[PDB]
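>
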Amino acid sequence: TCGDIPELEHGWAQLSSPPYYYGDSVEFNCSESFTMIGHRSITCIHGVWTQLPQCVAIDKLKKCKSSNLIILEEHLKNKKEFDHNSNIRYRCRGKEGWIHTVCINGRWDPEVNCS
Numbered sequence: 690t691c692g693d694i695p696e697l698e699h700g701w702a703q704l705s706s707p708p709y710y711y712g713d714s715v716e717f718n719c720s721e722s723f724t725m726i727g728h729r730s731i732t733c734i735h736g737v738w739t740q741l742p743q744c745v746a747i748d749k750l751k752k753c754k755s756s757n758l759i760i761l762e763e764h765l766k767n768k769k770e771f772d773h774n775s776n777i778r779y780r781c782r783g784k785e786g787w788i789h790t791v792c793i794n795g796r797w798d799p800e801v802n803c804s
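In the deposited numbering, the protein residues as written are 690 to 804.
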C-alpha cells in the first residue's frame with residue numbers, strides 16, 4: 690500500500706479510499722476557477738503516488754494563438770488569441786472539414802498545423 694493520498698496544490702480529489710494499493714489511481718481535478726494541466730489522476734507505484742496534475746488558477750494560463758495557416762470558424766476567425774478550454778475547430782487550406790482542438794495554456798490539442 691502506498692498510503693495517504695496527496696492533494697492538489699490548487700485542486701481537489703475525486704475519490705480516494707484506502708488502503709490505497711499498488712495500481713490504485715485517484716482522480717484529481719480542479720474544483721472552481723482552476724484549470725487542470727497534465728493529467729487528472731494519480732497512480733500508486735513504487736510505494737508512492739504519481740506526479741499529480743497541475744491546477745492552475747487559469748489566470749496564469751496562456752493565450753493560445755490562432756495560426757494564420759489554419760482556418761477557424763466564422764466566430765473564431767475574429768479571435769487572435771484564445772483562452773484555455775476553448776474547444777474549437779480549425780482546418781487547413783485544403784482540409785475541407787475540421788480537425789477540432791482545445792486551447793491548452795497557449796497550446797492546442799491537437800496542436801494545429803497546416804504548414
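Just so it is clear, CB atoms sit at the ideal spot from N, CA and C, and this is done for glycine as well.
How would you label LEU741, buried or exposed, when you count the other beta carbons within 10 angstroms and need 16 or more for buried?
buried
> Start and end of the beta strand (DSSP E) containing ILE731?
Segment 730–732, the beta strand (DSSP E) holding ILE731.
> Starting from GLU721 and walking both ways along the beta strand (DSSP E), at which residues does that stretch end?
Neither: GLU721 is in no beta strand (DSSP E) and is coded neither H nor E.
> Is it a yes or a no for the segment 749–767 touching the segment 733–740, going by three-plus beta-carbon pairs under 8 Å?
no
> According to the neighbour-count rule (16 or more other Cβ atoms, all chains shown, within 10 Å of its Cβ), is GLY700 buried or exposed?
With 16 or more other Cβ atoms within 10 Å, it is buried.
> Does the beta-carbon distance from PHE771 to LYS752 come in below 9 Å?
yes
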